[PDB]
Amino acid sequence: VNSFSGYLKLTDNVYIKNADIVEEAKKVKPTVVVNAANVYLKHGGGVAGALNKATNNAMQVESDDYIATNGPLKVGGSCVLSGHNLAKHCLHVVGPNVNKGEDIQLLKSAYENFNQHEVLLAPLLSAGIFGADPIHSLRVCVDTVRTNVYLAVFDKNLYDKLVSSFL
Ligand SMILES: O=c1[nH]c(=O)c2cc(S(=O)(=O)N3CCCCCC3)cnc2[nH]1
């Protein structure tokens with residue numbers, strides 16, 4: 001039993017809710033919140049901009065130190081940093097950005113990072129400003145992630161479409 005409330009169960013291990021991931025994180029304080037990161041951990045907009053704003057820019061300060069030490073992430077890769085006031089940990093995961101021409105096949109590799117964590121609160125990778133089809137992203141999630149994933153979808157119209165078209 002865990003503290004996530006109001007989710008629709010899609011599969012044995014995947015759950016979905018129309019929610020603001022920032023507000024969901026603030027209330028649940030999950031062990032892991034997933035950020036929709038880029039390779040530079042520049043959290044300017046989308047999910048990343050919103051998560052970072054909710055930390056009063058502490059996420060960006062920590063991220064800049066990480067990059068200065070380690071260099072950029074790989075597309076499809078991840079790193080674990082602090083969750084600040086939102087979660088114990090933040091798993092920064094880089095899905096491919098279609099608006100930069102990155103290979104959508106890397107979306108499966110991105111979701112594989114979730115399997116290193118027993119339970120996660122997450123957005124749909126490569127959705128939103130990353131330019132992928134969120135229905136495809138949900139399919140890859142379901143077919144790749146084996147751990148327990150609680151997906152927060154900000155847009156109510158999109159959430160209803162994801163549910164109604166789910167196979
Ligand atoms: O404050 C915020 N809370 C959020 O949950 C959030 C989620 C996303 S999104 O890319 O995952 N997306 C989901 C796909 C398309 C619908 C529109 C949103 C972007 N910005 C956000 N800002």
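Below, each value reflects all heavy atoms present in this structure, side chains not excepted, and no hydrogens, waters or symmetry copies. Note that the numbering runs from 1 along the sequence shown for the chain.
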Inset, instruction - To the nearest 0.5 Å, tell me how far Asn85 CG sits from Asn56 CG. - result: 8.5 Å
Legend entry - Short side-chain to backbone donor-acceptor contact, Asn13 and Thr147, under 3.5 Å: yes
Legend entry - Closest non-hydrogen atom pair, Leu86 against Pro30: O-CD, 3.5 Å
Legend entry - Any side-chain donor near an acceptor of the partner, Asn38 and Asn97, under 3.5 Å: no
Legend entry - Distance-only donor-acceptor check, side chains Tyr111 and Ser137, under 3.5 Å: yes
Legend entry - Closest contact, heavy atoms only, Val22 versus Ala54: CG1-CB, 3.5 Å
Inset, instruction - Begin from the C-alpha positions of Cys79 and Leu41 and carry the test side chain to side chain contact (heavy atoms under 4.5 Å, CB included) through to its verdict. - result: CA-CA 10 Å; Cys79 68; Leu41 302 179; 4.1 Å; yes
Inset, instruction - Please confirm whether the backbone N or O of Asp160 pairs with a side-chain atom of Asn18, one donor and one acceptor, at under 3.5 Å? - result: no
Legend entry - Given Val93, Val34, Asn35, the one that forms side chain to side chain contact (heavy atoms under 4.5 Å, CB included) with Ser78: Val93
Legend entry - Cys90 to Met59 - nearest heavy-atom pair and separation: SG-CE, 4.0 Å
Legend entry - Nearest-0.5 Å distance that lies between atom NZ in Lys42 and atom CG in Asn52: 11.5 Å
Legend entry - Heavy-atom side-chain contact between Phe130 and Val98 under 4.5 Å: no
Inset, instruction - Count the heavy atoms of every other residue, nucleotide or ligand shown that sit under 6.0 Å from NZ of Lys88, and state whether that count exceeds 12. - result: no
Inset, instruction - Search all heavy atoms of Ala110 against all heavy atoms of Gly95 and return the closest pair with its distance. - result: CB-CA, 4.0 Å
Inset, instruction - Take atom NZ of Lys161 as the centre, draw a 6.0 Å sphere, and report whether it contains more than 12 heavy atoms from other residues, nucleotides or ligands. - result: no
Inset, instruction - Would you check, one step at a time, whether the test side chain to side chain contact (heavy atoms under 4.5 Å, CB included) holds for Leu162 with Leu10? - result: CA-CA 10 Å; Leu162 287 164; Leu10 293 177; over 6 Å; no
Inset, instruction - Would you give the length of the straight line joining atom CG of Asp133 to atom CG of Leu138, rounded to the nearest 0.5 angstrom? - result: 10.0 Å
Legend entry - Joint hydrophobic cluster, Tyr159 plus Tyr15, side-chain heavy atoms closer than 4.5 Å: no
Inset, instruction - Would you kindly confirm whether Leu158 and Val163 end up in one hydrophobic cluster when ILVMFWY residues are joined by side chain heavy atoms under 4.5 Å apart? - result: yes
Inset, instruction - For residues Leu107 and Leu125, determine if any side-chain heavy atom of one lies less than 4.5 Å from a side-chain heavy atom of the other. - result: yes
Inset, instruction - List in chain and number order the residues that pass ring pair (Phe, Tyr, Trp, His ring centres under 6.0 Å) with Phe154, two or more places apart in sequence or in another chain; answer none if no residue qualifies. - result: none
Legend entry - Gap separating the CD1 atom of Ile135 from the CG atom of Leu124, nearest 0.5 angstrom: 10.5 Å
Inset, instruction - Treat each ILVMFWY residue as a node, draw an edge where side-chain heavy atoms are under 4.5 Å apart, and state whether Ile16 and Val140 are in one component. - result: yes
Inset, instruction - Applying side chain to side chain contact (heavy atoms under 4.5 Å, CB included) between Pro123 and each of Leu51, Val47, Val153, report the one that passes. - result: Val47
Legend entry - Any donor-acceptor pair under 3.5 Å from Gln60 side chain to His43 backbone: yes
Legend entry - Test side chain to side chain contact (heavy atoms under 4.5 Å, CB included) applied to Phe166 and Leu8, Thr11, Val14, the passing residue: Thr11
Legend entry - Heavy-atom neighbours of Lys17 NZ exceed 12 at 6.0 Å: yes
Legend entry - Check against side chain to side chain contact (heavy atoms under 4.5 Å, CB included), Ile21 and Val33: CA-CA 8 Å; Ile21 192 172; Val33 66; 3.9 Å; yes
Inset, instruction - Check whether more than 12 heavy atoms from other residues, nucleotides or ligands sit under 6.0 Å from atom NZ of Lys53, and answer yes or no. - result: no
Inset, instruction - Go through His117 and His89 one step at a time and tell me if the ring-ring contact (aromatic ring centres under 6.0 Å, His included) criterion holds. - result: CA-CA 11 Å; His117 303 278; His89 301 109; 7.5 Å; no
Inset, instruction - Measure the OG-NZ distance between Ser5 and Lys27 for me, rounded to the nearest 0.5 Å. - result: 5.5 Å
Legend entry - Nearest heavy atoms of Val39 and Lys74, plus distance in Å: CG1-C, 3.9 Å
Inset, instruction - Determine, stepwise, if the pair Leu120 / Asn148 fulfils side chain to side chain contact (heavy atoms under 4.5 Å, CB included). - result: CA-CA 6 Å; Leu120 315 87; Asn148 290 146; over 6 Å; no
Inset, instruction - Using modelled atom types only, decide if a donor and an acceptor are shared between the side chain of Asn99 and the backbone of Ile129 within a distance under 3.5 Å. - result: yes
Legend entry - Nearest atoms (heavy-atom pairs only) where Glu62 meets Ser82: OE2-N, 2.8 Å
Inset, instruction - Please work out which of the three classes, parallel, tilted or perpendicular, describes the rings of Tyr7 and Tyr150, given edges at 30° and 60°. - result: perpendicular
Legend entry - Cluster check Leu121, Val149: I/L/V/M/F/W/Y, side chain < 4.5 angstrom: no
Legend entry - Rounded distance (nearest 0.5 Å) linking atom CZ of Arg146 with atom CD of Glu112: 7.5 Å
Legend entry - Side-chain touch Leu73/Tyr40, heavy atoms, less than 4.5 angstrom: no
Inset, instruction - Determine whether the side chains of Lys108 and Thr144 contain a donor N or O and an acceptor N or O closer than 3.5 Å. - result: yes
